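Asker: Test case, fold it:
(8 chains, ligands or ions: 2)
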Amino acid sequence: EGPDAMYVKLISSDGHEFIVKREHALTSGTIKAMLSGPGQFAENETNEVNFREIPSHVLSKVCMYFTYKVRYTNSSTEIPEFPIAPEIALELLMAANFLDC
Amino acid sequence: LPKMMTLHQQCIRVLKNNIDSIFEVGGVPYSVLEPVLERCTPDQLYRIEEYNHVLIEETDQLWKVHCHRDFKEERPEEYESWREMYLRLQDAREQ
Amino acid sequence: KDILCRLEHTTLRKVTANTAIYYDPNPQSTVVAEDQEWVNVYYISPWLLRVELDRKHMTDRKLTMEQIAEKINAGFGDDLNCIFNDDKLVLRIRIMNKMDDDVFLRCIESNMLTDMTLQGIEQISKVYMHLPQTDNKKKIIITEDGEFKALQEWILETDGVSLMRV
Amino acid sequence: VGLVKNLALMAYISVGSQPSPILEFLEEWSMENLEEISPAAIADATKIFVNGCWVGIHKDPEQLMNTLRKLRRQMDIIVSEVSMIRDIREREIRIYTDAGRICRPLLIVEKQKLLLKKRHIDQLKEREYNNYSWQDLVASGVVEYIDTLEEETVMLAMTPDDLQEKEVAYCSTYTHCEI
Amino acid sequence: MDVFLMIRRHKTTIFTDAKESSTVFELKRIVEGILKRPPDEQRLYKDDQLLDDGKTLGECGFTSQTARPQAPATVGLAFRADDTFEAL
Amino acid sequence: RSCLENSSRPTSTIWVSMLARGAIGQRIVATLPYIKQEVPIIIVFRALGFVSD
Amino acid sequence: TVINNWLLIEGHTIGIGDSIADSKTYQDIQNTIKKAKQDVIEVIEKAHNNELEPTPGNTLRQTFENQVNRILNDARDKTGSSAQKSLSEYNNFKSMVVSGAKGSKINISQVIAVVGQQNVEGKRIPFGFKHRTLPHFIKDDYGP
Amino acid sequence: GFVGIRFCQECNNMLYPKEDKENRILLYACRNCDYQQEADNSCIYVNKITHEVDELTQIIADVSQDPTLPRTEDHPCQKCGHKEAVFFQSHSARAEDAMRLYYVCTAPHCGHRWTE
Ligand SMILES: [Zn+2]
Ligand SMILES: [Zn+2]
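Answerer: Residues are numbered from 1 along each chain as shown, chains lettered A, B, ... in the order given. Ligands and ions are numbered 1, 2, ... in the order given. And now the structure:
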């Protein structure tokens, strides 16, 4: 949330917003197109990412997956999977719309 | 599983194991839902389409993959989408 | 290995890839047309027996096509003429001079495949070379110092018995 | 030794049946007779043998075997002891109704799940109250008798633990389970 | 190795990354760096086991399992040490 | 070992065999019940009522 | 007479505790079995991807069988060696084996560690079904 | 290449090879009736002694429905991109010298068969 960008805040129209490592949110497709928008260099540092219509636990799983995938891609480990609950996958699949991954 | 998966692949492999868990899709477009519905069987497609009617006109080409697997000797006639042909021949064969 | 090749029976069947029968009444214009150049170099019944031999079997048996050709000539005594070349290992056999010659060439091709020996001894089907690691089948010698010394030397086994020829 | 054998406990030797219902059903389930076909149609079709009698050919053998298994599992036209074998590689369907075929009952597995549910077990716990018996379990399409020729085409799970198995189950196409 | 705790204050959750041994108020320092939180505003609660007054991460409540990228371990937060403990 | 169904009769056995290589080619013969010698199979097909090859 | 009357004082038994090994020994046996099964799978993958070189005097299937039987015999030998190495001086299987009275080290190995490969007519268990030993396996399964 | 049976038309019997020296060419003649026909291919008979290297043409696609066959998802189909395929060794008597795997795509309407 602070303009020194290693913590970025992101909101889903829910009370439970989430603030995450930008370096561990680096694998987002849309971090290159709505924080790295028409011009870089302090467009990113605003850290008001006001997404809509996502329940809190869903994007908690999504951004925990962000940290998960960033530190489990190009590391010494490549095997592990992601244990999502079966029902929430549906609404998590709409998160699959947003983040281009 | 010595494989890396992104969010699309993770969600669709979990859902590709438990198609049966789907009751109502909410508002997902078919273009997103295209993988899990192609690895599926026609009774489950009937269940999905009769809980999630808005998908019907999207899934008809999918029914072709079923039709040429269950009625491989057949072709549609004109004014016959593949879903209604599959249901008509399926009920005719059961009768 | 040279002795093993000289002992193991080698028919033409062990080294032949294929045999085909053709109607070629004019060797000046070969119908197969892949053998035109060397047949025209050489240049008769209109029936042709074209024998193609595998590369690997003709190599590891250490056989050259001249040996097969002279084996043909010794087997039949110029009852039939066999030309050959390679640079595909190609033989071409005709029968010079009421049992039409196609079934006679049938029969001599059966004789080719079964009843002809290239190298080795007829009753011996397979020869297994080995170097024994035990003293049961070694060459024990008495040295100049006077000990019994076991010498590991290559020994052969057979699957048939032709002891006197061996 | 080896020449005198004994039955396994659930082994049942088939008693014999008339091929006539299966033959009639095959005649009007799109199988064409041998008398009415040109030989050119035999190369791509599936030969159908009923008690070793080549009676015709079929163009869609997979749905035919699905239909025949559905008929036998609900104790329709095909009785339970009839053996039906699809030699898939050799394009043949052999139906045996004769006596002397030794078979055994196996639980039917569809999509890595037993068709035997807790409702069947609960009904069988009160066998002398519900009048639910083993024959009702056969008629339910839960168990079926597989002989030695059909067993050579089935895929047996040794236990239901082979069904409820994770990403590498060693087989995802189990058709039957040992009781 | 890693660490994974959802620093959960009802409607605000902080993310962290650290290793199996670090003083537990350095967590408050790394919250302070970007979220401008004085140590009064950083009364971290217990884990399922009681919290670490000895002030390291390799002490009670934290194991090698709680550094799970598959799913972390969460607990509530109160941004006041003695006065009030505000939830929602 | 052919035996007619729906009846209790002895089984009649037919042997459609092929001769060994050791003969210009190897031929298919038929050992029929109540026939002393082996019969070539094309003769059996012609006697069944199909003369053309 | 003298030894049979001293055996009244000493006594000799066999029990289920003579069939038990150490937990470390069980771990070693399971590790050896796992490694040998992995080796058999690797030889299977080499033969399946046409990377298996035939040995002189034998065809490809018989060289594969020789390699697999060598791996499994090494497994049975190593697990048996660990089984005898686990045995105490009070072990009665070991007592009857080193006395020469009854049994062998193979019997101790089969009781404690690994029964081993079953052979019919000198080869492994044949494909009595269509390319399957039993209908509980998949077709063309050449694993242990 | 192989040579097949060429049939007569008058009696539908077998045509046997023969030569005419007046035209000095090759003809397939029927010797039940008096039919004759000029022969297209000069090859009368061919051995295929070591031409058993191919087994793909004898495989049929129906083995994709075999539940006892091993299935893999690490060998995608080249013709259609389906992820799943059955694999099996050759079932011939020529398979004593090879444990080579053949693969058949399990997607319907494709039936593509390949090797390794
Ligand atoms: Zn004619
Ligand atoms: Zn395909």
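Asker: Please count neighbours and contacts with C-alpha atoms only from this point.
Answerer: Fine.
Asker: how about the lengthiest helix in chain B as PDB, C-alpha atoms only?
Answerer: Assignment by DSSP state H gives helix B:56-70 as the longest helix of chain B. Taking Å, rounded to 0.1, in the frame of the first residue of the first chain, the C-alpha atoms of helix B:56-70 are listed here in PDB:
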ATOM      1  CA  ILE B  56     -27.500 -24.300 -24.000                       C
ATOM      2  CA  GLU B  57     -26.900 -22.500 -27.200                       C
ATOM      3  CA  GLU B  58     -23.200 -22.400 -26.500                       C
ATOM      4  CA  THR B  59     -22.800 -26.200 -25.900                       C
ATOM      5  CA  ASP B  60     -24.400 -27.600 -29.100                       C
ATOM      6  CA  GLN B  61     -21.200 -28.100 -31.000                       C
ATOM      7  CA  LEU B  62     -19.900 -30.000 -27.900                       C
ATOM      8  CA  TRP B  63     -22.900 -32.400 -28.400                       C
ATOM      9  CA  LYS B  64     -21.400 -33.300 -31.800                       C
ATOM     10  CA  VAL B  65     -18.400 -34.900 -30.100                       C
ATOM     11  CA  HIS B  66     -21.000 -37.100 -28.300                       C
ATOM     12  CA  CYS B  67     -23.100 -37.700 -31.300                       C
ATOM     13  CA  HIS B  68     -20.400 -39.100 -33.600                       C
ATOM     14  CA  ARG B  69     -19.400 -41.200 -30.600                       C
ATOM     15  CA  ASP B  70     -22.800 -42.600 -29.800                       C
END
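Asker: So what's the gap between it and the chain middle?
Answerer: Put simply, helix B:56-70 sits 7 Å off its chain's centre (CA atoms, centre = their mean, to the nearest Å).
Asker: Give me the helices and strands touching that helix, please.
Answerer: Contact partners of helix B:56-70 among helices and strands, from 3 or more CA pairs under 8 Å, 6 or more residues apart in numbering or on different chains; DSSP states H and E: helix B:30-38, helix B:42-51, helix B:82-94.
Asker: same thing but 6 Å
Answerer: Using 3 or more CA pairs under 6 Å, 6 or more residues apart in numbering or on different chains; DSSP states H and E, the elements in contact with helix B:56-70 are helix B:82-94.
Asker: now check the helix it packs on, is it near chain D?
Answerer: No - Helix B:82-94 lies out of reach of chain D by CA under 6 Å from any CA of the partner chain, never closer than 9.9 Å.
Asker: mind listing what the residue of chain F found nearest chain C touches?
Answerer: Closest approach between chain F and chain C, counting by CA to the nearest CA: residue F:24, at 6.9 Å. For residue F:24, no residue meets the contact criterion (CA atoms under 6 Å, 6 or more residues apart in numbering or on different chains).
Asker: host element of it?
Answerer: For residue F:24, there is no host helix or strand (DSSP states H and E).
Asker: What of residue C:104?
Answerer: Residue C:104 belongs to helix C:101-113, assigned by DSSP H and E.
Asker: same deal with residue C:51?
Answerer: Short version, using DSSP H and E: residue C:51 is in strand C:47-53.
Asker: Give the next helix or strand downstream of that strand.
Answerer: Next along from strand C:47-53, by DSSP H and E: helix C:55-60.
Asker: Tell me which residues are up against that following helix.
Answerer: residue C:15.
Asker: now the angle between strand C:47-53 and whatever helix or strand comes next after that helix, please.
Answerer: For helix C:55-60, the succeeding helix or strand toward the C-terminus, using DSSP H and E, is helix C:65-76. If you take axes from the mean of the first three to the mean of the last three CA atoms, to 10 degrees, helix C:65-76 sits at 140 degrees to strand C:47-53.
Asker: Dump the C-alpha coordinates for helix C:65-76 into PDB.
Answerer: Presented in PDB, the C-alpha positions along helix C:65-76 are these (Å, rounded to 0.1, in the frame of the first residue of the first chain):
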ATOM      1  CA  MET C  65      28.900 -61.100 -53.200                       C
ATOM      2  CA  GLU C  66      31.600 -62.700 -55.300                       C
ATOM      3  CA  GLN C  67      31.600 -65.600 -52.800                       C
ATOM      4  CA  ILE C  68      27.800 -66.000 -53.200                       C
ATOM      5  CA  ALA C  69      28.100 -65.800 -57.000                       C
ATOM      6  CA  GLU C  70      30.800 -68.500 -57.200                       C
ATOM      7  CA  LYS C  71      28.700 -70.600 -54.700                       C
ATOM      8  CA  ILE C  72      25.900 -70.400 -57.200                       C
ATOM      9  CA  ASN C  73      28.200 -71.400 -60.100                       C
ATOM     10  CA  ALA C  74      29.600 -74.300 -58.100                       C
ATOM     11  CA  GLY C  75      26.200 -75.400 -57.000                       C
ATOM     12  CA  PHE C  76      24.600 -75.600 -60.500                       C
END
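Asker: Packing partners of it?
Answerer: Using 3+ CA pairs under 6 Å, 6+ apart: helix C:65-76 touches no other helix or strand.
Asker: can you rerun that using 8 Å?
Answerer: Helix C:65-76 packs on strand C:81-85, strand C:117-119, going by 3+ CA pairs under 8 Å, 6+ apart.
Asker: could those strands be laid out in CSV, adding mean neighbour count?
Answerer: Formatted as CSV, these follow (neighbours: other CA atoms under 10 Å in any protein chain shown):
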stretch, mean neighbour count
strand C:81-85, 17
strand C:117-119, 20
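Asker: Secondary structure element for the residue of chain G at minimum distance from chain B, which one?
Answerer: Sorted by distance to chain B under CA to the nearest CA, the residues of chain G start with residue G:38, at 16.6 Å. For residue G:38, the element it lies in under DSSP H and E is helix G:23-48.
Asker: what does residue D:57 give?
Answerer: Counting by DSSP H and E, residue D:57 is part of strand D:53-58.
Asker: Which elements pack onto the helix or strand just after that strand?
Answerer: On the C-terminal side of strand D:53-58, the nearest following helix or strand under DSSP H and E is helix D:61-73. The contact analysis (3+ CA pairs under 8 Å, 6+ apart) places helix D:61-73 against strand D:83-87.
Asker: about what we covered before: what's the neighbour count on the residue of chain G closest to chain B?
Answerer: Neighbourhood size, residue G:38 [other CA atoms under 10 Å in any protein chain shown]: 15.
Asker: Chain G contacts on chain H?
Answerer: Within chain H, the residues that sit near chain G (CA under 8 Å from any CA of the partner chain) are H:68, H:69, H:70, H:88, H:89, H:96, H:97, H:98, H:99, H:100, H:101, H:116.
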